[PDB]
Amino acid sequence: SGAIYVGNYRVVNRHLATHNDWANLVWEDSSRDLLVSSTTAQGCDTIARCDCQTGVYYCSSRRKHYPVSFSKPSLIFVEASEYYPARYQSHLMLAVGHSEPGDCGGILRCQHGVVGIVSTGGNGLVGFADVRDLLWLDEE
Ligand SMILES: [Zn+2]
């Protein structure tokens, strides 16, 4: 698990979104495994506005941060979980690294700030859902 807190926005894995997330839905994209919900408290996270392909992500399944090279946000085919059937996830960035289901919501960051959150794993790969294209997270 894990979320991004920027302005009055909470960003989670759509598949980990709570009843309260859906009651306060701002925006959800099934194909990106992203949901944003409205917060009352102001968030302190800075979203990266950049095209960095290196950073650090938190892996809860190792209680460790890993430096990674990652691919540019792309339409990558994602296999089976139970949360989704087997479909193309958009705005997804792969790196070589450990990603268990419970690693989802771990943050990827570069010097510019938060790049994305863990969304996929398996086969020695870690998918991150990009959030840098969501410029609207940085105003009202
Ligand atoms: Zn960056």
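What you see of chain A is 869-1008, where the numbers are those given in Swiss-Prot.
Cβ atoms are placed via backbone N, Cα and C, with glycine included.
Here Swiss-Prot flags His883 (among others) as active site, for protease 2A activity. The Cβ neighbour count for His883 (active site, for protease 2A activity), using a 10 Å radius and every protein chain shown, is 16.
DSSP classifies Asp901 (active site, for protease 2A activity) as coil under the three-state reduction. Within 10 Å of the Cβ of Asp901 (active site, for protease 2A activity) there are 28 other Cβ atoms, across all protein chains. If you look up Swiss-Prot, you'll see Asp901 (among others) marked as active site, for protease 2A activity, on the strength of similarity to another entry.
Residues annotated as active site, for protease 2A activity in Swiss-Prot: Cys972 (among others). Taking the Cβ of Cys972 (active site, for protease 2A activity) as centre and 10 Å as the limit, one finds 24 other Cβ atoms among all the protein chains shown.
The Zn(2+) 1 binding site annotation in Swiss-Prot covers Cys918, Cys920, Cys978, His980. Cβ neighbour count for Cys920 (Zn(2+) 1 binding site) (all protein chains, 10 Å cutoff from its Cβ): 16. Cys920 (Zn(2+) 1 binding site) falls within neither a helix nor a strand when secondary structure is assigned with DSSP, and so counts as coil.
In the three-state DSSP classification, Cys972 (active site, for protease 2A activity) falls within coil. If you take the CA of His883 (active site, for protease 2A activity) and look 10 A around it, the recorded positions you hit from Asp901, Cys918, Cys920, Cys978, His980 are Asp901. A 10 Å radius around the C-alpha of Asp901 (active site, for protease 2A activity) takes in none of the binding-site residues listed as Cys918, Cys920, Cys978.
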